[PDB]
């Protein structure tokens, strides 16, 4: 009951694996990563520069095919092709497309040929529909072959967008995300035909980067379709990011009004997805924080009562993996 395999033992792959292993609702059946060998998988999973050493179970048994997590066998695949993954063989019904390349619906439906039942993109997708848990997750329908969990930025912005829009009405917004570095960036000035600035040495540079979570909100909250856009700056932190959201409002609201509205929703419908703090926090204070988005009351500032800048933290690695699992489970029920 609820059987999971991961295609791509990346950062998100491994962290989703951590989360799954700790949960009782789910099992972890198999994993596919051609670029890592089984024995190397044991190392990569145990030791972690951001989220600490793993402090439960684990070992490794079968030559090249399986590991033992305490007493739980997990089957290992290193198969470049995405169909020749024998899903369902290892009874993996849900797949986590965590590779970052197969993020088209077209492209993601290669695992079903392998025998898998449902595939979840750990990333946004042009074609595959998008679901931010806490906002539109209920709009899931039980026949949806393929699906996307959007992006960290989307999963941080969309709940805050929802609360603010509902309570006071969003006219226009522009969003910046001061964001940590990621696997796609480069340690030293290097080639990046895709984004010329993305190749520059990530850890000693502020890097203008292109997001798109703000328009992707429209896709997960059609009310706001076309009323938001924004940009990113990658800066030299290893993890944790934050959203700076600048919005014009339909209905007037003082700063305390919007703060208290967010405290309300953080206690009500959005307990566990949208948090709320009034403390002198910083990025490290959110490493291993399973919330999608946390409102920072002391950080933000308002200009009018129709114009306001709002700040929300989010652990791009941990929050997003948590939400991925949450989404899998909502699917398993619905």
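Residue numbers count along the first chain shown, from 1.
message = Which is higher on mean Cα B factor in this entry, 286-294 or 30-38?
response = According to the entry, 30-38 carries the higher average C-alpha B-factor.
message = Mean CA temperature factor from the deposited coordinates, higher in 132-140 or in 230-238?
response = Per the PDB record, 132-140.
ask   = Reading the B-factor column of the entry, which of 259, 179, 248, 197 has the highest value at its C-alpha atom?
value = By C-alpha B-factor in the record, 248 ranks first.
query = Which one of 207, 201, 156, 252 shows the biggest C-alpha B-factor in the PDB entry?
reply = Across 207, 201, 156, 252, the entry lists the biggest C-alpha B-factor for 252.
query = residue 186: which third of its chain by C-alpha temperature factor?
reply = Lowest third, going by the recorded CA B-factors of the chain.
Ranked against its chain, the third holding the CA B-factor of residue 211 = CA B-factor rank for residue 211: highest third.
query = What third of its chain's C-alpha B-factors does residue 276 belong to: lowest, middle or highest?
reply = Middle third by C-alpha B-factor.
request  = Would you mind checking where the Cα B-factor of residue 46 ranks among the modelled residues of its chain, as the lowest, middle or highest third?
outcome  = CA B-factor rank for residue 46: lowest third.
task = Sort the modelled residues of this chain by their C-alpha B factor and say whether residue 304 lands in the lowest, middle or highest third.
result = Within its chain, residue 304 is a highest-third residue by C-alpha B-factor, going by the deposited values.
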